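J.: Contents of structure.txt (compact mmCIF, N, CA and C atoms and all ligand atoms) are below:
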```txt
# COMPACT_ATOMS: atom_id res chain seq x y z
N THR A 1 68.16 70.88 105.03
CA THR A 1 66.70 70.86 105.12
C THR A 1 66.22 69.53 105.64
N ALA A 2 64.92 69.48 105.90
CA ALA A 2 64.30 68.28 106.39
C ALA A 2 64.28 67.22 105.31
N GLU A 3 64.12 67.62 104.05
CA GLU A 3 64.17 66.67 102.96
C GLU A 3 65.54 66.02 102.86
N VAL A 4 66.59 66.85 102.91
CA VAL A 4 67.97 66.25 102.85
C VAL A 4 68.27 65.31 104.02
N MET A 5 67.77 65.65 105.18
CA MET A 5 67.94 64.88 106.41
C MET A 5 67.23 63.56 106.30
N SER A 6 66.14 63.53 105.55
CA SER A 6 65.43 62.27 105.32
C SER A 6 66.33 61.28 104.56
N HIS A 7 67.05 61.79 103.58
CA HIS A 7 67.93 60.97 102.79
C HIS A 7 69.13 60.52 103.67
N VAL A 8 69.71 61.45 104.42
CA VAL A 8 70.84 61.05 105.31
C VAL A 8 70.42 59.95 106.32
N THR A 9 69.30 60.17 106.99
CA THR A 9 68.74 59.20 107.93
C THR A 9 68.46 57.84 107.34
N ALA A 10 67.85 57.85 106.16
CA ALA A 10 67.48 56.60 105.54
C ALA A 10 68.75 55.72 105.27
N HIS A 11 69.90 56.33 104.90
CA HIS A 11 71.12 55.58 104.61
C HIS A 11 71.82 55.17 105.93
N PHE A 12 72.02 56.17 106.78
CA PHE A 12 72.68 55.97 108.04
C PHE A 12 72.00 54.80 108.81
N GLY A 13 70.68 54.74 108.77
CA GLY A 13 69.91 53.74 109.49
C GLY A 13 70.10 52.29 109.05
N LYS A 14 70.61 52.07 107.82
CA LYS A 14 70.86 50.69 107.36
C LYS A 14 71.85 49.88 108.23
N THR A 15 72.72 50.54 108.99
CA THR A 15 73.65 49.80 109.84
C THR A 15 73.08 49.47 111.24
N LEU A 16 71.79 49.76 111.49
CA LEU A 16 71.25 49.44 112.80
C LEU A 16 71.46 47.93 113.17
N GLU A 17 70.97 47.04 112.33
CA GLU A 17 70.89 45.61 112.68
C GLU A 17 72.31 45.05 112.96
N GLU A 18 73.28 45.31 112.08
CA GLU A 18 74.67 44.90 112.37
C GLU A 18 75.30 45.48 113.60
N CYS A 19 74.74 46.57 114.13
CA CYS A 19 75.30 47.19 115.32
C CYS A 19 74.57 46.84 116.57
N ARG A 20 73.44 46.19 116.42
CA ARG A 20 72.53 45.93 117.53
C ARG A 20 73.16 45.10 118.72
N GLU A 21 73.82 43.98 118.40
CA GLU A 21 74.35 43.06 119.44
C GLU A 21 75.41 43.73 120.28
N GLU A 22 76.39 44.37 119.66
CA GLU A 22 77.44 44.95 120.46
C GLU A 22 76.97 46.15 121.32
N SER A 23 75.88 46.80 120.89
CA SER A 23 75.36 47.96 121.61
C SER A 23 74.42 47.56 122.73
N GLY A 24 73.91 46.35 122.65
CA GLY A 24 72.95 45.85 123.65
C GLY A 24 71.58 46.50 123.49
N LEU A 25 71.27 46.87 122.26
CA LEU A 25 70.09 47.68 121.98
C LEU A 25 68.93 46.78 121.58
N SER A 26 68.06 46.50 122.52
CA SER A 26 66.84 45.70 122.22
C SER A 26 65.96 46.27 121.11
N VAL A 27 65.33 45.36 120.35
CA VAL A 27 64.31 45.72 119.39
C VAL A 27 63.21 46.45 120.08
N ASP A 28 63.05 46.20 121.39
CA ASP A 28 61.98 46.84 122.16
C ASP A 28 62.27 48.31 122.34
N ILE A 29 63.55 48.67 122.42
CA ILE A 29 63.96 50.06 122.53
C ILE A 29 63.82 50.76 121.18
N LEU A 30 64.36 50.19 120.10
CA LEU A 30 64.23 50.81 118.79
C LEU A 30 64.27 49.71 117.76
N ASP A 31 63.20 49.61 116.96
CA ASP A 31 63.02 48.49 116.01
C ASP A 31 63.61 48.87 114.65
N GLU A 32 63.40 50.13 114.25
CA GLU A 32 63.92 50.67 112.98
C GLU A 32 64.40 52.08 113.22
N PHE A 33 65.54 52.43 112.66
CA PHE A 33 66.18 53.67 113.04
C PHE A 33 65.33 54.90 112.65
N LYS A 34 64.51 54.78 111.58
CA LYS A 34 63.62 55.92 111.20
C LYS A 34 62.78 56.47 112.40
N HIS A 35 62.41 55.59 113.32
CA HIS A 35 61.60 56.02 114.47
C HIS A 35 62.36 56.91 115.40
N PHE A 36 63.65 57.07 115.15
CA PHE A 36 64.43 58.05 115.96
C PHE A 36 63.73 59.41 115.88
N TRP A 37 63.17 59.71 114.70
CA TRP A 37 62.50 61.01 114.49
C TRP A 37 61.06 61.14 114.95
N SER A 38 60.39 60.06 115.34
CA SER A 38 59.00 60.16 115.84
C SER A 38 58.94 61.14 116.98
N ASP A 39 57.92 62.01 116.89
CA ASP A 39 57.56 63.00 117.90
C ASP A 39 57.61 62.42 119.30
N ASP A 40 57.12 61.21 119.47
CA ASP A 40 57.06 60.64 120.78
C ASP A 40 58.03 59.48 120.96
N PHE A 41 59.09 59.41 120.14
CA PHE A 41 60.17 58.52 120.54
C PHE A 41 61.18 59.28 121.42
N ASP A 42 61.39 58.81 122.66
CA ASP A 42 62.32 59.49 123.57
C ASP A 42 63.74 58.95 123.34
N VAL A 43 64.68 59.85 123.05
CA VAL A 43 66.09 59.53 122.78
C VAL A 43 66.80 59.62 124.14
N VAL A 44 66.92 58.47 124.82
CA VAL A 44 67.43 58.44 126.20
C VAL A 44 68.40 57.27 126.55
N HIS A 45 68.31 56.16 125.86
CA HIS A 45 68.97 54.96 126.37
C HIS A 45 70.44 54.99 126.05
N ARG A 46 71.26 54.70 127.05
CA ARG A 46 72.69 54.53 126.76
C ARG A 46 73.02 53.57 125.56
N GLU A 47 72.27 52.47 125.44
CA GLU A 47 72.43 51.52 124.37
C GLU A 47 72.24 52.12 123.01
N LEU A 48 71.34 53.11 122.93
CA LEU A 48 71.14 53.77 121.64
C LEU A 48 72.40 54.63 121.33
N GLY A 49 72.99 55.18 122.39
CA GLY A 49 74.23 55.97 122.26
C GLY A 49 75.30 55.03 121.74
N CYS A 50 75.37 53.79 122.27
CA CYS A 50 76.37 52.79 121.79
C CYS A 50 76.14 52.42 120.37
N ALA A 51 74.88 52.19 120.02
CA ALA A 51 74.53 51.92 118.67
C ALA A 51 74.96 53.05 117.74
N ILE A 52 74.70 54.29 118.15
CA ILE A 52 75.02 55.44 117.25
C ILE A 52 76.54 55.51 117.01
N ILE A 53 77.31 55.17 118.03
CA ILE A 53 78.80 55.13 117.86
C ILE A 53 79.14 54.08 116.81
N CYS A 54 78.53 52.88 116.97
CA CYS A 54 78.79 51.81 116.11
C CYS A 54 78.42 52.18 114.65
N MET A 55 77.28 52.86 114.49
CA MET A 55 76.80 53.14 113.15
C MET A 55 77.64 54.23 112.51
N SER A 56 78.08 55.17 113.34
CA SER A 56 78.91 56.33 112.86
C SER A 56 80.28 55.80 112.39
N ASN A 57 80.84 54.91 113.22
CA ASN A 57 82.13 54.28 112.89
C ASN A 57 82.17 53.66 111.52
N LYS A 58 81.05 53.11 111.06
CA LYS A 58 80.93 52.55 109.74
C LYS A 58 81.31 53.54 108.68
N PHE A 59 81.00 54.83 108.88
CA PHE A 59 81.27 55.84 107.84
C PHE A 59 82.35 56.84 108.29
N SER A 60 83.18 56.39 109.22
CA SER A 60 84.22 57.26 109.84
C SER A 60 83.76 58.64 110.34
N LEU A 61 82.59 58.71 110.98
CA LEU A 61 82.00 60.01 111.33
C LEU A 61 82.44 60.51 112.71
N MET A 62 83.15 59.63 113.43
CA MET A 62 83.76 59.90 114.75
C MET A 62 85.25 60.19 114.69
N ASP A 63 85.69 61.17 115.48
CA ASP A 63 87.13 61.46 115.59
C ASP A 63 87.73 60.56 116.69
N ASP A 64 89.02 60.73 117.00
CA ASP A 64 89.72 59.83 117.93
C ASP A 64 89.07 59.80 119.28
N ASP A 65 88.42 60.90 119.66
CA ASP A 65 87.83 61.02 121.00
C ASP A 65 86.31 60.77 121.00
N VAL A 66 85.81 60.14 119.94
CA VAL A 66 84.37 59.75 119.89
C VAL A 66 83.49 60.99 119.92
N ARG A 67 83.99 62.04 119.23
CA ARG A 67 83.16 63.22 118.90
C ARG A 67 82.99 63.19 117.40
N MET A 68 82.05 63.98 116.89
CA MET A 68 81.92 64.15 115.45
C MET A 68 83.24 64.55 114.77
N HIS A 69 83.60 63.82 113.69
CA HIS A 69 84.70 64.24 112.79
C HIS A 69 84.05 65.18 111.80
N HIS A 70 84.41 66.49 111.88
CA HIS A 70 83.65 67.51 111.15
C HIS A 70 83.77 67.32 109.63
N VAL A 71 85.00 67.10 109.18
CA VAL A 71 85.26 66.95 107.73
C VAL A 71 84.55 65.71 107.21
N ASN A 72 84.66 64.59 107.91
CA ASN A 72 84.05 63.35 107.36
C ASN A 72 82.54 63.45 107.37
N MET A 73 82.00 64.08 108.42
CA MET A 73 80.55 64.36 108.46
C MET A 73 80.09 65.25 107.26
N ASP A 74 80.79 66.35 107.03
CA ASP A 74 80.50 67.24 105.89
C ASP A 74 80.53 66.47 104.54
N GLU A 75 81.56 65.61 104.37
CA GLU A 75 81.71 64.84 103.16
C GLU A 75 80.59 63.83 103.01
N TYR A 76 80.16 63.24 104.13
CA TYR A 76 79.05 62.30 104.10
C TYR A 76 77.76 63.01 103.70
N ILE A 77 77.50 64.14 104.36
CA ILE A 77 76.25 64.82 104.09
C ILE A 77 76.16 65.29 102.61
N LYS A 78 77.26 65.80 102.07
CA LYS A 78 77.30 66.24 100.66
C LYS A 78 77.27 65.12 99.67
N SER A 79 77.46 63.88 100.13
CA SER A 79 77.25 62.70 99.23
C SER A 79 75.77 62.38 98.91
N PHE A 80 74.83 63.11 99.53
CA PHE A 80 73.37 62.95 99.30
C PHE A 80 72.86 64.08 98.44
N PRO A 81 71.72 63.88 97.73
CA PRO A 81 71.20 64.94 96.82
C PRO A 81 70.93 66.26 97.55
N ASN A 82 71.47 67.36 97.01
CA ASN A 82 71.45 68.69 97.65
C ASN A 82 72.09 68.78 99.01
N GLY A 83 72.93 67.77 99.33
CA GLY A 83 73.59 67.72 100.64
C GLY A 83 74.28 69.01 101.04
N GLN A 84 74.83 69.76 100.08
CA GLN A 84 75.49 71.00 100.46
C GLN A 84 74.57 72.02 101.20
N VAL A 85 73.27 72.02 100.95
CA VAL A 85 72.45 72.96 101.66
C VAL A 85 72.38 72.70 103.18
N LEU A 86 72.66 71.48 103.64
CA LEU A 86 72.47 71.04 105.03
C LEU A 86 73.81 70.95 105.77
N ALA A 87 74.90 70.67 105.04
CA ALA A 87 76.17 70.28 105.69
C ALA A 87 76.68 71.29 106.72
N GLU A 88 76.74 72.59 106.40
CA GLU A 88 77.30 73.58 107.37
C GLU A 88 76.45 73.61 108.61
N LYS A 89 75.14 73.78 108.40
CA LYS A 89 74.26 73.93 109.57
C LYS A 89 74.30 72.68 110.46
N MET A 90 74.30 71.51 109.85
CA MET A 90 74.15 70.28 110.62
C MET A 90 75.37 70.08 111.52
N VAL A 91 76.58 70.35 110.99
CA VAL A 91 77.84 70.20 111.79
C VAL A 91 77.82 71.18 112.94
N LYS A 92 77.41 72.43 112.64
CA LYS A 92 77.39 73.49 113.63
C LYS A 92 76.45 73.06 114.72
N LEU A 93 75.26 72.61 114.29
CA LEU A 93 74.24 72.22 115.29
C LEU A 93 74.71 71.03 116.19
N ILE A 94 75.20 69.95 115.58
CA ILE A 94 75.77 68.84 116.35
C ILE A 94 76.90 69.28 117.26
N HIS A 95 77.87 70.04 116.75
CA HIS A 95 79.00 70.45 117.59
C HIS A 95 78.54 71.30 118.80
N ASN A 96 77.52 72.16 118.59
CA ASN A 96 76.95 72.93 119.69
C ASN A 96 76.40 72.03 120.82
N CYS A 97 75.72 70.96 120.43
CA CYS A 97 75.23 69.98 121.37
C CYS A 97 76.38 69.28 122.11
N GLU A 98 77.39 68.88 121.36
CA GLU A 98 78.57 68.24 121.94
C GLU A 98 79.20 69.09 123.05
N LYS A 99 79.32 70.39 122.83
CA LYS A 99 79.91 71.28 123.84
C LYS A 99 79.10 71.27 125.14
N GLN A 100 77.77 71.11 125.02
CA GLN A 100 76.90 71.17 126.22
C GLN A 100 77.04 69.92 127.09
N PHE A 101 77.55 68.85 126.48
CA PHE A 101 77.68 67.57 127.16
C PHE A 101 79.12 67.11 127.26
N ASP A 102 80.06 68.05 127.14
CA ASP A 102 81.48 67.69 127.20
C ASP A 102 81.96 67.12 128.55
N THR A 103 81.17 67.28 129.61
CA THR A 103 81.56 66.78 130.92
C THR A 103 80.98 65.42 131.16
N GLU A 104 80.29 64.86 130.17
CA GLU A 104 79.92 63.44 130.26
C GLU A 104 81.08 62.60 129.64
N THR A 105 81.86 61.86 130.42
CA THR A 105 83.00 61.12 129.79
C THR A 105 82.56 59.74 129.29
N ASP A 106 81.49 59.16 129.85
CA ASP A 106 80.97 57.94 129.22
C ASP A 106 80.50 58.18 127.78
N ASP A 107 81.16 57.54 126.83
CA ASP A 107 80.94 57.77 125.36
C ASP A 107 79.49 57.42 124.92
N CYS A 108 79.00 56.25 125.29
CA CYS A 108 77.60 55.93 124.91
C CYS A 108 76.58 56.91 125.48
N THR A 109 76.77 57.31 126.72
CA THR A 109 75.85 58.21 127.40
C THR A 109 75.96 59.62 126.81
N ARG A 110 77.19 60.11 126.67
CA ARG A 110 77.43 61.41 126.00
C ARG A 110 76.74 61.48 124.60
N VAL A 111 76.87 60.42 123.82
CA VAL A 111 76.38 60.41 122.46
C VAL A 111 74.83 60.37 122.42
N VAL A 112 74.22 59.61 123.31
CA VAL A 112 72.74 59.65 123.35
C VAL A 112 72.22 61.03 123.79
N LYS A 113 72.93 61.66 124.74
CA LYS A 113 72.51 63.01 125.18
C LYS A 113 72.69 63.99 124.05
N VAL A 114 73.81 63.86 123.33
CA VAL A 114 74.06 64.71 122.19
C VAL A 114 72.98 64.47 121.08
N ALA A 115 72.59 63.22 120.83
CA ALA A 115 71.56 62.83 119.85
C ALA A 115 70.23 63.49 120.18
N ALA A 116 69.88 63.50 121.47
CA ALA A 116 68.61 64.09 121.92
C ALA A 116 68.60 65.61 121.71
N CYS A 117 69.73 66.22 122.01
CA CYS A 117 69.89 67.66 121.78
C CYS A 117 69.79 68.00 120.29
N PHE A 118 70.45 67.18 119.48
CA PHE A 118 70.48 67.34 118.04
C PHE A 118 69.04 67.20 117.47
N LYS A 119 68.27 66.24 117.98
CA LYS A 119 66.87 66.08 117.57
C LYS A 119 66.04 67.30 117.90
N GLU A 120 66.11 67.76 119.15
CA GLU A 120 65.42 68.93 119.55
C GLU A 120 65.85 70.20 118.80
N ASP A 121 67.15 70.38 118.56
CA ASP A 121 67.60 71.58 117.84
C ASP A 121 67.29 71.48 116.36
N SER A 122 67.30 70.26 115.81
CA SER A 122 66.92 70.03 114.44
C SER A 122 65.47 70.47 114.22
N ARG A 123 64.55 70.10 115.13
CA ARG A 123 63.14 70.62 115.03
C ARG A 123 63.10 72.15 115.09
N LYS A 124 63.76 72.73 116.10
CA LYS A 124 63.78 74.17 116.23
C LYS A 124 64.29 74.84 114.99
N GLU A 125 65.30 74.28 114.34
CA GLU A 125 65.95 74.95 113.21
C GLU A 125 65.36 74.55 111.85
N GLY A 126 64.41 73.62 111.85
CA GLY A 126 63.74 73.19 110.63
C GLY A 126 64.45 72.17 109.77
N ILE A 127 65.29 71.34 110.40
CA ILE A 127 65.96 70.30 109.62
C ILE A 127 65.59 68.87 110.04
N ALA A 128 64.55 68.76 110.85
CA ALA A 128 63.99 67.44 111.27
C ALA A 128 62.94 66.92 110.31
N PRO A 129 63.17 65.71 109.72
CA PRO A 129 62.19 65.09 108.88
C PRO A 129 61.11 64.42 109.72
N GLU A 130 59.97 64.14 109.09
CA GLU A 130 58.95 63.23 109.64
C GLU A 130 59.32 61.81 109.24
N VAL A 131 58.82 60.82 109.98
CA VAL A 131 59.07 59.44 109.58
C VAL A 131 58.64 59.14 108.15
N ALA A 132 57.51 59.70 107.72
CA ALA A 132 57.04 59.44 106.33
C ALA A 132 58.02 59.85 105.23
N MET A 133 58.82 60.89 105.48
CA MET A 133 59.80 61.38 104.51
C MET A 133 60.95 60.38 104.45
N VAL A 134 61.39 59.95 105.64
CA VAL A 134 62.39 58.85 105.73
C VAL A 134 61.93 57.55 105.03
N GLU A 135 60.70 57.10 105.32
CA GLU A 135 60.11 55.95 104.63
C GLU A 135 60.06 56.09 103.13
N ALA A 136 59.65 57.27 102.63
CA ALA A 136 59.61 57.55 101.17
C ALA A 136 60.92 57.30 100.46
N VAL A 137 62.04 57.66 101.09
CA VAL A 137 63.35 57.34 100.54
C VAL A 137 63.63 55.84 100.57
N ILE A 138 63.49 55.23 101.74
CA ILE A 138 63.67 53.77 101.88
C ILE A 138 62.82 52.98 100.87
N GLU A 139 61.59 53.44 100.67
CA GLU A 139 60.62 52.74 99.77
C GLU A 139 60.88 52.78 98.23
N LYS A 140 61.92 53.50 97.81
CA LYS A 140 62.21 53.62 96.38
C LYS A 140 62.92 52.41 95.84
N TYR A 141 63.68 51.76 96.74
CA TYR A 141 64.31 50.47 96.46
C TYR A 141 63.28 49.35 96.09
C1 LIG B 1 74.20 61.70 112.01
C2 LIG B 1 73.77 61.42 110.58
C3 LIG B 1 72.53 60.52 110.49
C4 LIG B 1 71.20 61.14 110.87
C5 LIG B 1 70.62 61.04 112.09
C6 LIG B 1 71.19 60.36 113.27
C7 LIG B 1 71.34 61.09 114.39
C8 LIG B 1 71.88 60.67 115.75
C9 LIG B 1 73.23 61.25 116.20
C10 LIG B 1 73.73 62.64 115.86
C11 LIG B 1 75.28 62.66 115.72
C12 LIG B 1 76.03 62.41 117.06
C13 LIG B 1 77.56 62.39 116.99
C14 LIG B 1 78.14 63.31 118.06
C15 LIG B 1 78.88 62.60 119.18
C16 LIG B 1 79.53 63.54 120.18
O1 LIG B 1 80.32 62.87 121.24
MG MG B 2 87.27 59.47 125.94
```
For the structure just supplied, provide its representation as structure tokens.
Ligand SMILES: CCC/C=C\C=C\CCCCCCCCCO
Ligand SMILES: [Mg+2]

T.:
Amino acid sequence: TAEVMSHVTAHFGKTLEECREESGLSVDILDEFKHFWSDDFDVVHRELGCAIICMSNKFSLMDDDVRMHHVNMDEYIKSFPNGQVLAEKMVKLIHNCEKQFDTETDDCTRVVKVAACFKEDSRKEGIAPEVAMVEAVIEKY
């Protein structure tokens, strides 16, 4: 659900700043990872794709070929409250996007294209949070 995705996003986003330099991702492109979900944030920059690799690697969410590791992704998602309701759908949805971009061999570019597809399909399927839901989780600390 969108509520569960808010919790996943809020945690996943904590590795933005440590990944910023190696990805070449300007603050001007993305200042806080929660804005990934803004209606009018365009998910396009190769640097954001590099950042997403870097952030995923932190939680072993990538397989040897820089695609989603399905098992580790499922385990990550179920580590959040009610995570089991989202885990099957989210893997299926991401993997479907990956197949559409399998002919992009540049890893950063492939991953940003996959991220954009995942955002769009997440809205269609009802698992996209609003920024305010993401902020509400972050704000409990
Ligand atoms: C991914 C869990 C954190 C929540 C939102 C972040 C979304 C951006 C990226 C979606 C996953 C992309 C990994 C697939 C790479 C295929 O080569
Ligand atoms: Mg490769």

J.: Do you have the atom N of residue 48 of chain A-atom CA of residue 91 of chain A distance handy?

T.: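 Atom CA of residue 91 of chain A lies at a distance of 21.4 Å from atom N of residue 48 of chain A.
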
J.: Would you mind listing the residues within 5 Å of ligand LIG 1 (chain B), counting all atoms listed in the file, as an NGL selection string?

T.: :A and (8-9 or 66-68 or 111 or 115)

J.: Using all atoms of segment 72-87 of chain A that appear in the file, construct an axis-aligned enclosing box with 6 Å of padding on every side and provide its centre coordinates and edge lengths in Å, rounded to one decimal, as JSON.

T.:
```
{"center_x": 77.8, "center_y": 67.6, "center_z": 102.6, "size_x": 25.7, "size_y": 22.7, "size_z": 23.6}
```

J.: Return the single residue from A:74, A:135, A:101, A:65 that is closest to ligand MG 2 (chain B), with distances computed using only N, CA and C atoms and all ligand atoms.

T.: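 Under the stated criterion, the closest residue is A:65.
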
J.: Separation of atom N of residue 75 of chain A and atom CA of residue 40 of chain A, in Å?

T.: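 Taking atom N of residue 75 of chain A and atom CA of residue 40 of chain A, their separation equals 29.9 Å.
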
J.: Enumerate as a ChimeraX atom specification all residues of chain A assigned to helix (DSSP H, G or I) by DSSP on the backbone, naming them with the chain letters and numbers the document uses.

T.: /A:2-23,33-37,46-58,70-78,84-100,107-125,131-138
